[PDB]
Amino acid sequence: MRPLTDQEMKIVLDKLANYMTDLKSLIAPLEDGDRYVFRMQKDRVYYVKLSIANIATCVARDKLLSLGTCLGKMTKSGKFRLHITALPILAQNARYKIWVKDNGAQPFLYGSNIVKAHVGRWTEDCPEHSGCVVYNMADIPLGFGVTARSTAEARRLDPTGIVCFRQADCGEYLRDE
Amino acid sequence: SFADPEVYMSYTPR
Amino acid sequence: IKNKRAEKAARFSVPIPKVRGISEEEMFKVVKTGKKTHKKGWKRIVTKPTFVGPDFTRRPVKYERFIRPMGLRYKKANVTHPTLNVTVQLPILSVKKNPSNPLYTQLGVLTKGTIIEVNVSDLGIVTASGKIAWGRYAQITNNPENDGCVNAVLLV
Amino acid sequence: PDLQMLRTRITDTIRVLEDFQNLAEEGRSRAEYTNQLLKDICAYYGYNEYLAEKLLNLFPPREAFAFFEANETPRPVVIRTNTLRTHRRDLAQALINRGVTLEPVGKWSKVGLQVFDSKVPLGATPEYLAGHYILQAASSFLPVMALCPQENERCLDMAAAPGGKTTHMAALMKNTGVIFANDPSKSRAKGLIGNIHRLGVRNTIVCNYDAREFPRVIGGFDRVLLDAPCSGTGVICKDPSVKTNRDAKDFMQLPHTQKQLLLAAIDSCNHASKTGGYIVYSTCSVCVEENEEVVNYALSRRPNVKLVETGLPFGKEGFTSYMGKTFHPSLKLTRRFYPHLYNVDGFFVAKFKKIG
Amino acid sequence: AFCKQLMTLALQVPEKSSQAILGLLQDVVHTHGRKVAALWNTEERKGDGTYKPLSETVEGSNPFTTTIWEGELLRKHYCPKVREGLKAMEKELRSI
RNA sequence: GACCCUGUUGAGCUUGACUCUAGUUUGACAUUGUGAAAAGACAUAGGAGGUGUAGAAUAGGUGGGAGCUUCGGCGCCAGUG
RNA sequence: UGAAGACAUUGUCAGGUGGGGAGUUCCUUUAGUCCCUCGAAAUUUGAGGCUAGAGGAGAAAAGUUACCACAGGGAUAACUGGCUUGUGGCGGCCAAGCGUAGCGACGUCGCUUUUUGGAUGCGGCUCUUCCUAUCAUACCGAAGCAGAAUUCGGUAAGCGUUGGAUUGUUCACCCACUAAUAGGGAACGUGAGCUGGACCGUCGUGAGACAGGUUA
């Protein structure tokens, strides 16, 4: 385990700001004089409490397997990719969010792209290729992705037309079983 | 008959 | 073996929530409804018989587009014990090595001469330590693609 | 031979043992009758002589018959609702609206539900995928209820491979504090991390260690849970290998490891704890060689620890005495669960407080 | 968060200001309802985190991890007006 | 359609020395006093106790012991362990 | 000189981690003496210890994959054409032979498999001619074939050979006539007639979009 470097922090925060509004909220100190920090184990970034990181320092590097919340993985070429494990933090601080019905929520959970035939609520004034967290009609965090068109284009779009591109869904928990 | 009548988990509803 | 199976299945069977997931064909149709532009040949069907195990599993993106149909899936094999000369129908536990393709042994493709893991509990084979064997190696020795059955010889 | 005839002989022999003084034979003895019962039950239920004899020795004839029936019968499907995401009523309402038969397991748990049958896969529900519930057993419900954790505590789960107990703990510590979830298996640690992330636990540290190494590694935990590896005599339905694959050497190896694990847990917990000095020993076996022998060992080779009330609804008091071995009198507090009495896997729980 | 802090304020402000705040929350519960009913039903209290009163941010303070308890003091407040204000507010809460 | 290869990418697997040490972290001890109120373990002298199953029966445990005497009930032997 | 207070702070040892700073070039398995220590249970075990094989220039990055996506290159470019039909596969036993262990038919045993009775995801109609793998009509052989009604088989293409329900269509089943209401070929274009896309450009790429251009 080690802290992130400056370039790594810049890349991780670029992705996180692509999907969120407030990030000083993520790095802000808490009541007990504790704060959330970033750690790296193998090729995966972990969003953790500073106290938890300091107390987990005693665990050997080759025998530490997880810590806090897994935020993503740094690729071989130096590119950060988020995960359905990182979905919750996107849920607290989502910029753009798109709701789907059950008949589109099940396809998304199978790993398909969102369609306006599945959409049941929009986010007003959404640019073409932005950051949208996909919910169901019960405000249940279901996934995240990038939308394909703007709000007006999606409204005037064919009911059978791709509106959002899938990157992660909650069905990967059935992958890692 | 070795079944606690209060909290034995039944296989059938109720 | 059959009488023991009949006793257990006739008088130790109790109501249990028994359901199954949807097939990869249904999953593919749904994701295709979700994805308009169909890349040509994006679907390759595995046309050889396979073993899977679980029902509603999510495959890695590495293999997500390999579709193994229900009509081709097999769950039990006619396994022959040579020394205790007898053939019995036994469930398949896993696929260990298809000597033709690592992709086939990853997918569970059952071809001729293929090592699989078989449940040998019904045989009552006593080990050296005195235990009953719950899994052994068996080689598929037929052509399951030409014969609608899987035939294995147990390596013991 | 004829299995119906074997069962008829079993029932007749149980009746003879019930009324031996009145209903008997010319010269055949009770020992001969029990030998006939043992042979019949080994030939019918597919047990070996060793484990069958332990189970027959532990239970009275009729109760042993019921125990073996329960072992041959699959236990019910139970789901623990995640307090970190929802609550029982809303989860049950959503699942019923989705097409499943749900109802609370009883009055002993506020955070669990039973499934009588379903129309959709319970592991494929959007609620499950969002982490609203986990497929779990009541036997694993019990240890966390014994080791009810508070907020802002440091806790050590010494064998957390599935993850259900660890997630129950983090729900009761309201995602506060630190949990050290340990596994000696990496392949099962994958599923452990998966469950943790699915159910949304942020206070966990997943480590790959032999659990005997923790006083060296960190030590000083506020509360410790030890679901010790065991014979599996209470989970025979899920693992039918136990019936014929447990003999004397195995029943000598396993308890020694259990002794060392409990001693490690005791040494890893701290005495001067402002909120709790509790160690919970737990197992899914019913055999005495794996039950309360380890507790007597612990109480005899660290007197700085004492048994406390489990604070737990149901179960039977443990055995203060057995076939010659006389135990410390406090072992009546440790409680025991059987599939035939309670439709929960055979299980054993014990609570320790450190005092030094 | 504003409902919780406004209940605390209604506890600790003069009578007519308290009645004003209480009527404002009455209208808020009438308008929104289900969004804040969990603040009064304790079995829908969220279990992920602890309520943080002295928070720097509205989201930093977890408002759904606490319950509106201020009624047991504002009901024995000395002002009959704020008393029927609580009565009407609880009536709307029950008639949701 | 399909087969082989190359480049970039993704997913996965493996490697990435040793010795001290910053930092971080667990435990024990020390400054260090005066009292008071409780708790645990050490010191005796006493008092009361032992109900898994089967066994008539609430069998701490070990030892000798075939015969025991408020001289009539017990033993032993049979069980059951 | 005032405030807090036997708590902090601080210090010494034993340790854990150390992808950071400075310097230099331990565990696991195997076989053995039943040789030693620790732990457990009592009438036996587990972990270490020994002998010598096997695993793990160095925080810059490196190796690897019958896998995925994009881009590109090479080979191949149709294909069946004395083809096809009614009798499964696997293992054992037997087995004339060939051979001097190996190949091995017909059978028989074991699995599939047993002690109480919807599938389908180009179709349809008319006409000519031909085939027989014959549904009917003609003649025969057999069957507890009494009679009547039939069943199986043989020679026969001379002569005839539907409709309904349902379904996206077809089939199965099921229902009405009828003597019966068979199946096919017209040869890579199923005899004649009728009827019911790919190249570039730009912008992105965890992914597509363009009333952008061109083209058979």
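Lettering of chains follows the sequences in order, A, B, ..., and the numbering in each one begins at 1. Heavy-atom basis, side chains included; hydrogens, waters and symmetry copies ignored.
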Nearest-Å distance once atom P is located in both G/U30 and F/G10: 42 Å
P atoms of G/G48 and G/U28, separation to the nearest Å: 4 Å
Sugar-phosphate, base or nothing in reach of A/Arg166, heavy atoms under 4.0 Å: nothing
Output field: Watson-Crick/G-U pair G/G110 G/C90, thresh under 3.5 Å: yes
Separation of the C1' atoms in G/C34 and G/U24, to the nearest angstrom: 44 Å
Partner check F/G61 against G/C83: Watson-Crick or G-U, both under 3.5 Å: no
Short side-chain N/O contact from A/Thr75 to OP1 or OP2 of F/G10, under 4.0 Å: yes
Check: F/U53 base within 3.5 Å donor-acceptor of D/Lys54 side chain: no
Side-chain N,O (D/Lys325) to OP1/OP2 (G/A41) below 4.0 Å: no
Pair test for G/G208 and G/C203: Watson-Crick or G-U wobble, both under 3.5 Å: yes
Base pairing of G/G196 with G/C122 (Watson-Crick or G-U, both distances under 3.5 Å): yes
Any C/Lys36 side-chain N or O less than 4.0 Å from OP1/OP2 of G/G208: no
Parallel, tilted or perpendicular: ring planes of D/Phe251 versus D/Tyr50, cut at 30 and 60 degrees: tilted
Residue matched to F/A38 through Watson-Crick or wobble contacts both under 3.5 angstrom: none
